[PDB]
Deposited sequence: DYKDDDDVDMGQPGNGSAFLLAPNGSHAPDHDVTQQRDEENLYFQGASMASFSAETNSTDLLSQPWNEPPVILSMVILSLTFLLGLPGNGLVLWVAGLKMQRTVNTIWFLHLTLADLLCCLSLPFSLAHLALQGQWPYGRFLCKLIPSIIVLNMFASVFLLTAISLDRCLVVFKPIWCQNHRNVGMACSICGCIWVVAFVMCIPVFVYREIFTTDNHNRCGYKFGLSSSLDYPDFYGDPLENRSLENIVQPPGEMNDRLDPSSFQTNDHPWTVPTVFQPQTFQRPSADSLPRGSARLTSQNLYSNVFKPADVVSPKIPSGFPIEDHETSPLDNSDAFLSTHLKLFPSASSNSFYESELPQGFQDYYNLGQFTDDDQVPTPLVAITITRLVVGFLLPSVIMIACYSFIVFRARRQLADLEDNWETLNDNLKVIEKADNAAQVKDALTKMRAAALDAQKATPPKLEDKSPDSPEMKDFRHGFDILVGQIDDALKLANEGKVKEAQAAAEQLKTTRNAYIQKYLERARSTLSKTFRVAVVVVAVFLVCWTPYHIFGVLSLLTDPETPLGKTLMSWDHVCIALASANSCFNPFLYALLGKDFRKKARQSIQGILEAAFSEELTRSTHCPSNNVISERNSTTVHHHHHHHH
């Protein structure tokens, strides 16, 4: 009995029990009900990787319960950890590719509209699986049995380089760029709303036609700018039409009628502009929270594993520090495998249409 061993067993059991049925249901809904799109392919691949990773959790529990003693042949001892590493690398690369695609669809929309299809998604998923198998090959090669394991530095170095540094950096950069672009769009919308409001504040008490028409032209320019940021388009068209009517009324020397037409804009403003501004703010808050939670979960799940993998080479196993690292390696791998259960709750279960399909499925 050992507290780290019991903790690892409990974490693995909870991960399995919370991941297997959920991932199974998500995969079933995405395969049998959801239409065949690119995001559907990504979700299917992620759920398949998570299911293949969770199916070996009983084997990990059986191995840990025997206190390392593996009576089976060398075949399983070389196969199952290689399969675990394969699933982990596949999931990491799939998440990185999903982040890259979500960044590219906002960065260059024309290139994605003209090139992004299902064939490219299948090809990049195949390339991801090939790279994962290449990274898994040395695990299956160097593993040997009784205690299943090894008897190494460059392997851990290239693993930290390819599987942890570059994917995490790419994901962080993509999420940061998306957040910055969304915040810039919200700032532009808020500036347009402020230019619409501050000039009406003086139009409501103006006493000259030149300032009125200048402020109305500024309002029209701000509305045309915000239109490129559905009932939204109809409301902006009505707003621009009423602004044009106010301009036509002001050019004829009617200052009071122009002020009345400008004050009439408050109805459609409070009807459409405020509602859509609140909707955009809520959407930005939601996507920012989602990105932050995903990044935090990925870091918490994949940082201690690589930290301990690096420290294993800089610490002698005979020293008490090496024994402590070897004992907590189980907890580290359990926390890393918990990401396989945390994946569907942060990628697939957030879509509104997907949530509705999953609810109607039950």
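J.: Where does the model skip over parts of the deposited sequence?
T.: Comparing the full sequence with the modelled residues, the uncovered ranges come out as 1 to 66, 212 to 217, 224 to 380, 459 to 473, 607 to 646.
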